[PDB]
Amino acid sequence: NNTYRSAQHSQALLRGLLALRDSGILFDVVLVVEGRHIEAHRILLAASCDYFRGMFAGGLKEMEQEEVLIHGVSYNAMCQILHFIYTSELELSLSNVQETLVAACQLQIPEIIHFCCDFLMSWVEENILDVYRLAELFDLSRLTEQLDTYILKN
Amino acid sequence: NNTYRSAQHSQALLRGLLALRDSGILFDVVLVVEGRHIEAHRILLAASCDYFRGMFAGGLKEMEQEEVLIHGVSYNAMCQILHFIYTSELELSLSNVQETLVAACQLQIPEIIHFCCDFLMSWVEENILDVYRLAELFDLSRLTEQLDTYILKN
Amino acid sequence: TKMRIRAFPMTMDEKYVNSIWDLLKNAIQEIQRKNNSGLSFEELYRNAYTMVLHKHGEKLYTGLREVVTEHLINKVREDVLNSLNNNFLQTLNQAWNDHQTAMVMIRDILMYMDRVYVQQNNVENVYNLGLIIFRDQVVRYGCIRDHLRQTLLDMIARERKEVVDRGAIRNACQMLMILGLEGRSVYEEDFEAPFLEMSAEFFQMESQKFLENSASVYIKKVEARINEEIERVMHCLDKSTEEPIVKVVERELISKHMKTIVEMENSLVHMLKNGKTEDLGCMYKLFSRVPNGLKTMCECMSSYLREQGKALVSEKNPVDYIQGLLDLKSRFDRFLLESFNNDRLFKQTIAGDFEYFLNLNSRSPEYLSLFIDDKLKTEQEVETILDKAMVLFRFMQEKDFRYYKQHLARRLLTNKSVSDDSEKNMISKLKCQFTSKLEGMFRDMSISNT
Amino acid sequence: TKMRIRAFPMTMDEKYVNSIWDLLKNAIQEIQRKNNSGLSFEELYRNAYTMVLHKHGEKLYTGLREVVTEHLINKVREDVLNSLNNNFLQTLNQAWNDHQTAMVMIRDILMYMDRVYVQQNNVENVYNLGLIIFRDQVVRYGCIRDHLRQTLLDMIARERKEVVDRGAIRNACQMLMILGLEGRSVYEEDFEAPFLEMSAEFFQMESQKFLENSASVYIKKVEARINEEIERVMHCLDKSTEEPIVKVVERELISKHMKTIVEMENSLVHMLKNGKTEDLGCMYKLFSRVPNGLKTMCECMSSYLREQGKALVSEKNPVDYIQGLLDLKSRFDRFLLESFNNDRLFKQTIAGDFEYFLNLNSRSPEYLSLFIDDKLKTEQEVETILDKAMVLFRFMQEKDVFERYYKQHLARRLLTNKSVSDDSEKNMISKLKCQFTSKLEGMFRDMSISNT
């Protein structure tokens, strides 16, 4: 037979999940980042990234726990990444970088890595030493070769 | 600032949700259709359609219930609509029609209604009376005007 | 595909609709009293699903309207009426919130009606039906509405006076908007019109009050008042009310008696000789919003300049006269550079007055021509006052200032000019016949110098 | 935007990996023994993140390889050795399943290594590392591999002969495939080769045994055997095996001794006079897969047809002779219409033989012309025999004799009008169809001219 595939359904489901979160009903997992509680959907926060997949569905002790501990990340960064997962839109400003980049390296989401790399691309010849240090630490090939190209353009 | 919006994220999230369902982990709601148990994600099955939104997140007695009795749907129809919700692909054949049509009306999902209308468009001058009766019963304007156009073409 | 379909063995006709309507009505009544923890959602939807499928949509609609209006007559109407003077605007807000959540649940369990009956019969949705029945039944009562109007009016009035709970009024004010469906008709006819009317009356009492015979204090306190009003409206009222209230403020507080506050003998335009930038800047920036408002200050300052100009022109030592011209010009352009924002109409009218009296003197060009000669008798400062001296030159309509040539001899033959090189520059500032006749005699002294 | 960034005070100069390692190694030990219910995944991943920043991922790498290979040396190797003859294969698959879930969890909690070390240093993933270490430690032991191979070989033989377990052999087959990373090298060198070779030996024994002096039973039961083999392979073994096995079947069961089974005195090609559609159809359809197989059946058919033509053509009554020609032709084309699928090569060889003996006799054309003369002495049926009669004409290379005699007979069939129907006398020309026709028409049309 001929199967019918709809493209708008995925984004419709995403908006529906956003509306559900805004209504604040059917929340199941609560994360403590730095003493600040942020509530989220467990299954939604299980298919977004591999880290959360190995967290909410890995099979470790973390499953049967309502409150979980998310350290090494900043509350603003966690709110930003949850917002991205829930509506595929990342609001990147000057303040919410170098804490969003380390959080993105934590959770290993390629989309946030690429978005942060673009943001540092836009605002990159006065502070290239520390940016190069950060890129070498977190080991992003794209950031490194773009920085090399920028040095060449200099 | 500038906000970055990704389009592939929604499809990737649906694919990950399908993978999680196939792995059969982190299931929360179980539906008894006609004595047959079908297991599904509550929040995933809460933003797909308004019917399920009112069921899981409405606030009625159905909330605090692991097993939910759902009628007005056939097990094949229930499985087909769950498959659509999980991967946005609807496999429509001769057998899974007039059972999927009523199931689509039960959940009031416009996409499935349109898909069933198209399937009846393709296979429609030997059994027009019963199709007209069905369309009048379920009150689909699009199916009715298509049937009128087909009668005109006759 | 060459397969027959022949798979529609459907039949549903039955008259058991009333028996299940009894159950659905009991369920709706239970939801009205907030016992939703024990009602099977799917079964309630199924009842509605069958109700609609057997074409009994009209019966269900009439029953829903009847049950919602019956719950509004009893346990809402006297529920807030019995609290009409006790904790009002809090009990009504609670009733509205309970009704809103109840109608959300009812729309949720009767959602089929909102998809194929309401849409295909050109009628109002279940949510809008609840909103309309609330608007018609509990508000616009004639007693509940009237008391609501008093409570809101007195509260905002006390706030202008005392401290009131803006948040409570925000709830009622917004409820009033959302009760107008898409529009704000209920807001317009229930709170907007009385509020604006009370504000008008209060502000007219205030306007007759503050005129106390001061200008700087009056204008600063009026600025504080309008700033309070706009903040007050944004904080407690809705966001579509700020524009009309701001216009009523600027119409009734200052534009009602703008002509009488611009001149008063005890206090800003009248005595602008103080020269304070803030003193006139506040008055400008506070009369800028009113249409035609700038005209009254334009005429007041124009009259002052005319009176100063007449006395200034009235002649008198030849040098001190032009000194008065220049320093009055400097003082008045100071106002436009630092007190105002260099308004085009203001500059135009000062230019008009300057064009009026500067040529009201027949000897004015003679004095203007003498200035240079007296000046010619730091060098950068000499260039600066030349720019100021040029400003009057353009204003004269009687340049035919012959005297520059009459003087040209007396600053050339014995060379009363201190610097010869600048003596050419002033021609460039002045700039053929206007220049060559001024150059023919001078450049001749350059010719015989070889 | 004109704002400075200057917000990167980051440093990871803390040497305490030993502590984060010992803890991570205890975590791996606990996961190996299936105690995952009490380990904090987030903290475990944090231990993993720190080593990445400290660039001590190599210590975690060497340590991970050491811990997995240690758990494989102890509590897996002798775990299956102690069950080498007792409940074997099941224990191997169980151990494999436990190892698979353990490595899935380890990759889950150490997933950073799979994203910046594994990818950026050209080394095998954690999952692939577990698969490889399983392939190098448990299987290919030298005793586990030998026993595993024998158990699969013996079981698949008893199934070939008895009933044995089918789930386990399927699990092991799948394990052997997935142990080859992307490929199937483990399958090829572990179970594919011994199974193929033993099947070759078994089928050669069956080939020598089956030849018992029958053809229909032999060919039908060979069809049953190959169907059983393909059904078994699709059921238990893996799909890529289904190609080489069937070929080996058709290499050893029929094509090994194809020439001796086409002809045997007691039983299908030799006695095709039975005429049974199934009897020859099954034999054809079962020899169709073997390359060159069609040639031997063609040769046997050709030999029989040559002998029949020699026997029948060699003179004899003028009409029964041609009756024999046509009836043999009808019988032989019956086979190609209902026994075979009208194979081009078979049609070609029948045509060639028919062109051989039919023209071998010089009197044939004379008899073919007489046929019509006897024929001319329902009408639709006569038209049908004209089509069959016209078939031989195309085969004759000496049609000159036929038309010359047909013209000689044309006079005899015209002057006294031996022909029953005159209108058909033109139709046979139309089938026969200028000089081939006008000379046959000049005499007849003259009798039409003088009839006015």
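Parameters and conventions
Residues numbered from 1 in each chain as written, not as in the entry; some residues may be left out. Chains lettered and ligands numbered in written order. Heavy atoms only, no water. Pairing = 2+ DSSP bridges. Helix = DSSP H or I, 4+ residues; strand = E, 2+ residues; numbered from the N terminus. Axes fitted to C-alpha atoms, helices over the stretch in contact; angles between N-to-C directions. Parallel < 35°, antiparallel > 145°, perpendicular 65-115°, else oblique. Left-handed = near helix turned anticlockwise from the far one by under 90°. Contact = heavy atoms within 4.5 Å. Nonpolar A, V, L, I, M, F, W, Y, C, P; charged D, E, K, R; others polar. Least-squares fit on C-alpha atoms. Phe/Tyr/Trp six-rings, centres within 6.5 Å; stacked < 30°, edge-to-face > 60°. Buried < 20%, exposed > 50% of the residue type's maximum accessible area, 1.4 Å probe, protein only. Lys NZ or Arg CZ within 6 Å of the ring centre and 35° of its normal. Domains from an automatic or database assignment. Buried area = accessible area lost by both parts, 1.4 Å probe. Salt bridge = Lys/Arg side-chain N within 4 Å of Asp/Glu carboxyl O. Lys, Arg positive; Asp, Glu negative; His and termini not counted. Disulfide = S-S within 2.5 Å. Polar contact = N/O pair within 3.5 Å; in protein donor to acceptor, adjacent residues only side chain to side chain. Core = buried A, V, L, I, M, F, W, Y, C linked by side-chain atoms within 4.5 Å.

Method of structure determination, per the deposited record: cryo-EM was used for this entry, reaching 3.8 Å resolution.

## Concerning the sheet that holds strand 4 (residues 67–69) of chain B
Residues and elements named next belong to chain B. Taking strand neighbours across the sheet as the criterion, the three strands line up as 3-2-4 in an open arrangement whose pairing is mixed. Two strands lie at the open edges of the sheet, namely strand 3 (37–40) and strand 4, each paired on one side alone. Shown here is a sheet whose adjacent strand axes are inclined to one another by a mean of 30 degrees, direction ignored.

## Regarding the environment of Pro244 of chain D
Among the structural elements, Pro244 of chain D can be located in helix 11 (residues 242–254). Sequence separation between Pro244 of chain D and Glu263 of chain D is 19 residues; the distance between their C-alpha atoms is 28 Å.

## Observations regarding the packing of helix 4 (residues 91–109) of chain C against helix 8 (residues 166–178) of chain C
Residue and element names in this part refer to chain C. It is at 10 Å that the axes of helix 4 and helix 8 come closest, and there the two elements cross at 40 degrees. Here helix 8 runs oblique to helix 4, going by the angle between their axes. For the crossing formed where helix 4 meets helix 8, the hand is left-handed. Along its contact with helix 4, which presents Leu92, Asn93, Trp96 and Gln100, the element helix 8 presents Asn171, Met175 and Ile178. By residue class, the composition of the contact of helix 4 with helix 8 is four nonpolar, three polar and no charged.

## Details of the sheet that holds strand 4 (residues 67–69) of chain A
All names here are of chain A. The three strands are arranged 3-2-4 in an open sheet whose pairing can be described as mixed. Edge positions in the sheet fall to strand 3 (37–40) and strand 4, since each of these pairs with one other strand and no more. Across the sheet, the axes of successive neighbouring strands diverge by a mean angle of 30 degrees, strand direction being ignored. Examined bridge by bridge, strand 2 (residues 29–32) and strand 3 share four bridges and lie antiparallel to one another. Along strand 3, the bridge assignment pairs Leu31 with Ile38.

## Re the relation of the copies chain B and chain A
Between the two copies of the chain lies a rotation about an axis combined with a shift along it. Each copy of the sequence occupies a distinct position, and chain B is placed on chain A by a rotation of 180 degrees and an axial shift of 0.0 Å, giving an RMSD of 0.2 Å. Each copy turns onto its partner about a two-fold axis. Across chain B, the smallest distance between a C-alpha and the rotation axis is recorded for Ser10 of chain B, namely 2.8 Å. Looking at the interface residues of chain B, 100% of them are also at the interface in chain A, so both copies use one shared face.

## As for the packing of aromatic side chains
Counted under the stated rule, the structure contains 51 aromatic pairs over all chains. Where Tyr45 of chain C meets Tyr49 of chain C, the ring centres are 5.7 Å apart and the plane angle is 90 degrees; that geometry is what we call edge-to-face. Here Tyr45 of chain C and its partner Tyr49 of chain C are both found in helix 2 (residues 41–53), four residues apart, which amounts to about one turn of the helix. Of the two residues examined, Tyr45 of chain C and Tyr49 of chain C, each falls in the buried class. A network of ring pairs unites the aromatic residues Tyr51, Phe52 and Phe56 of chain A together with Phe41, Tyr45, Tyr49 and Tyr112 of chain D as a single cluster. Geometry around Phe56 of chain B places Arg42 of chain B over its ring, the cationic atom sitting 5.5 Å from the centre. Across from the ring centre of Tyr127 of chain C, 5.4 Å away, lies the NZ or CZ of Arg107 of chain C, which sits over that ring.

## Focus on the domain arrangement of chain C
Interfaces are often sized by the amount of accessible area the parts lose when they come together. Residues and elements named next belong to chain C. Partitioning chain C into domains gives domain 1 (17–138), domain 2 (145–260) and domain 3 (277–447). Of note, the centres of domain 2 and domain 3, computed from C-alpha atoms alone, are 50 Å apart. Between domain 2 and domain 3, the contact holds 10 residues from the first and 13 residues from the second. Carbon and sulfur atoms supply 76% of the area buried between domain 2 and domain 3, which totals about 960 Å² over both sides. The three residues of domain 2 that bury the most area against domain 3 are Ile219, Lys220 and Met258, which together make up 51% of that side's buried surface. Here domain 2 is connected to domain 3 by zero salt bridges.

## A word on unusual backbone geometry
Residues and elements named next belong to chain A. At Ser88, a position not held by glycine, the phi torsion is positive, near 60 degrees. Within the element layout of this structure, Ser88 appears in the loop between helix 4 (75–87) and strand 5 (89–92). In this structure, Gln108 is a non-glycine residue whose phi angle is positive, near 55 degrees. With respect to the element layout, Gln108 can be found in the loop between helix 5 (100–107) and helix 6 (110–122).

## Some details on the side chain of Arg42 of chain B
Position of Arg42 of chain B among the secondary structure elements: in the loop between strand 3 and helix 2 (50–56). Buried and unpaired, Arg42 of chain B has no salt bridge, with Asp28 of chain B as the nearest side chain of opposite charge at 5.1 Å.

## A closer look at the state of the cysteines
Applying the stated rule across the entire model yields zero disulfides over all chains. Not part of a disulfide, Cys173 of chain C finds its nearest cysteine sulfur in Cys236 of chain C, a span of 7.3 Å. With relative accessibility at 1%, the residue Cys173 of chain C sits in the buried group. With no disulfide of its own, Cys282 of chain D lies 15 Å from the sulfur of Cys300 of chain D, the closest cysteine sulfur.

## Structural notes on the interface of chain B and chain A
Contacts between the two partners involve 42 residues from chain B, matched on the other side by 42 residues from chain A. Summing both partners gives a buried area of about 3700 Å² for chain B against chain A, and 65% of it is carried by carbon and sulfur. If you look at where chain B meets chain A, you find 17 residue pairs in polar contact. Those elements giving two or more residues to the side of chain B that touches chain A turn out to be strand 1 (2–5), helix 1 (8–23), helix 2, helix 3 (75–87), strand 5 (89–90) and helix 5 (110–122) of chain B. Ranked by residue count, the leading element in the side of chain B that touches chain A is helix 1 of chain B, at nine residues. Tallied by class, the residues present in the side of chain B that touches chain A amount to 21 nonpolar, 13 polar and eight charged.

## Topic: the packing of helix 20 (residues 420–430) of chain C against helix 21 (residues 433–447) of chain C
Residues and elements named next belong to chain C. Where helix 20 contacts helix 21, the two axes come as close as 9 Å, and the packing angle between them is 165 degrees. The pairing of helix 20 with helix 21 is recorded here as roughly antiparallel in orientation. Once helix 20 is placed against helix 21, the crossing between them reads as left-handed. Packed against helix 20, whose contacting residues are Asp420, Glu423, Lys424, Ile427 and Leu430, the element helix 21 presents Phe434, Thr435, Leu438, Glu439 and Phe442 at the interface. Residue composition of the contact of helix 20 with helix 21, by class: five nonpolar, one polar and four charged.

## Topic: the interface of chain B and chain C
With 30 residues of chain B at the interface, the matching set in chain C holds 27 residues. Taken over both partners, the interface formed by chain B and chain C buries close to 2900 Å², and the fraction arising from carbon and sulfur atoms is 57%. Across the chain B-chain C interface, the total number found is three salt bridges. Between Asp130 of chain B and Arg6 of chain C there is a salt bridge; the shortest N-O distance is 3.3 Å. Tallied by class, residues from the side of chain B that touches chain C come to 13 nonpolar, nine polar and eight charged.

## Examining the nonpolar core
Counting 291 residues, the largest nonpolar core has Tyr51 and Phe138 of chain A together with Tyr51, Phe52 and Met78 of chain B as its most contacted members. The residues touching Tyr51 of chain A, leaving out its near neighbours within four places in the chain, are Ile70 and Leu107 of chain A together with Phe41, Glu42, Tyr45 and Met111 of chain D. Core analysis: the second largest hydrophobic core is formed by 99 residues, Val262, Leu326, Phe335 and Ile372 of chain C among them.

## Quick notes on the side chain of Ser207 of chain C
Residues and elements named next belong to chain C. Here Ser207 lies in helix 9 (residues 185–210). For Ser207, a relative accessible area of 2% puts it in the buried group. Polar side-chain contacts of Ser207 include one of 3.0 Å to the side chain of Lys256.

## Let's talk about the arrangement of the chains
The top pair by number of contacts, from a total of three pairs of chains in contact, is chains A and B. Structurally, chain B and chain D remain out of contact, their C-alpha atoms never closer than 9 Å. Contact between chain C and chain D is absent, and the least distance between their C-alpha atoms amounts to 28 Å.

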